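In this analysis, Cβ positions are derived from the backbone assuming ideal geometry, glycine residues included, and neighbour counts consider all displayed protein chains. Derivation of every value follows stated rules applied to the coordinates shown; laboratory data play no part.
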Amino acid sequence: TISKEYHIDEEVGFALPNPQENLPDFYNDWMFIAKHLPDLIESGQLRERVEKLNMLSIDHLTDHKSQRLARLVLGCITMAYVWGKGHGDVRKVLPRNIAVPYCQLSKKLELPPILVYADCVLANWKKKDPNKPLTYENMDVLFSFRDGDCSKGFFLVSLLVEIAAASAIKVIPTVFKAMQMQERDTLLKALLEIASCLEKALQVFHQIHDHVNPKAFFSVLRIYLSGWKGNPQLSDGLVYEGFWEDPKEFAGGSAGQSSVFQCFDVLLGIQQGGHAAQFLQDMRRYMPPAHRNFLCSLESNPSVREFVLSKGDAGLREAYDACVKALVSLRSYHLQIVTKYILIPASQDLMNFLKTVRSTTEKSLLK
Ligand SMILES: Cc1ccc(NC(=O)Nc2cc([C@H]3C[C@H]3C(=O)O)ccc2N(CC(C)C)CC(C)C)cc1
């Protein structure tokens, strides 16, 4: 079995395969701003170009990849318009001629009108040469914010984790077939292969250190990934001129927008404890609707946890634990990234919540 409807690719997983790089001509005015955000923010010319912008119909965005590219373009255009050079000069009102098409395209794609992980990681890459493989040396992003923002490194290393994970996600029907067929040797190899693929996924995380600089990240890139839900600089949210008369709050950023970590929680039958369910539930809202439909199709399958416990078989318990441990490792290395790239630069909250989820993962071990 596997996807079609859930849009999980055997090669790139939750990411979008071979994402579109160009929009229809009709949207040339958008593409010019997005493609020149580095030059236009540094010069301050960006906000005049957004305000002298006519309102474009979204009707000429006809396929999914075209519409995905347009959301990335409008989201990047939007983040730069709101935060500027980021030293107190915010815009609390997004101009109708960009907000209306952005909100319309968000309604259609069932995502919030703000830059989201499915935009600038999953849909925001190209291969440099397609005849060679998916490595940092042969990959590039479509959009950045500022020269030296380390957009390239932070987005692509993020995407390479999603790709490593695809190696494990594609093993997931074998688990359920082997349970269905009471084929014990197959399910064990499937668990060991999932564990092994999460352990190689952890090794991709090591690459952040070679392409993302903590200061460039904390003081540049993270301002353009900042949202307006619970933000003092936009206490009430952002006004989408012409689409809602009321200001609306939405979050930014967050590794929590990946589906990878929650995907393996559901599989392994790891439940959340605390009220943390609310936060993980809200993270699904910032995911594409197909990927959230997938995480639900997963809870509808028989419990792999109830299956391994019911057999009394110690090899299977050890392979299930290998996966759960590989998951605590990912959450630990996450945490360690938060220390280097946020906590330390902030000294020049989110960690308590993360520690709790890791504890719940570790407590899900069997032997
Ligand atoms: C808009 C947007 C949204 C989302 C991302 N990615 C992210 O947040 N990446 C990210 C951030 C943090 C620390 C800032 C904290 C946080 O987020 O809790 C830690 C790990 C990662 N990952 C892997 C990295 C090794 C590249 C990502 C997932 C785990 C594969 C990038 C852009």
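Note: relative contact order over region 82-172, using C-alpha pairs below 8 Å and six or more positions apart, is 17 percent. Oblate is the label for region 41-146. Its Cα gyration tensor axes, ordered a ≥ b ≥ c, give a/c of at least 1.5 and b/c at or above a/b. Distance from the Cα centroid of region 128-203 to that of region 62-95 is 28 Å (rounded to whole angstrom).
Protection proxy ranking for 108-121, 128-141, 44-57, 163-176, using the average of other Cβ atoms within 10 Å per residue and placing the highest first: 108-121, 163-176, 44-57, 128-141.
When region 23-179 is described by a simple charge dipole with +1 on each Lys and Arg Cβ and -1 on each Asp and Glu Cβ, the residue from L61, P112, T78 located farthest towards its positive end is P112. Label-to-label distance, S43 versus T339, with points set 7 angstrom from Cα along the beta-carbon direction: 4.4 nm. Relative contact order of region 1-146: 29 percent, from C-alpha pairs under 8 Å at least 6 residues apart in sequence.
Sorted largest first, the principal axis extents computed over the alpha-carbon atoms of region 54-116 equal 38, 23, 15 Å. Strictly over 18 Å apart at the Cα level, which of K127/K152; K170/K311; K200/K311; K170/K367; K126/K152 would you flag in this model? With Cα atoms farther than 18 Å apart: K170/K311; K200/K311; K170/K367. Computed from the C-beta positions of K229 and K363, the FRET efficiency with R₀ = 41 Å rounds to 0.85. Spacing of the modelled spin labels on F353 and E318, each 7 Å from Cα toward Cβ, amounts to 3.8 nm.
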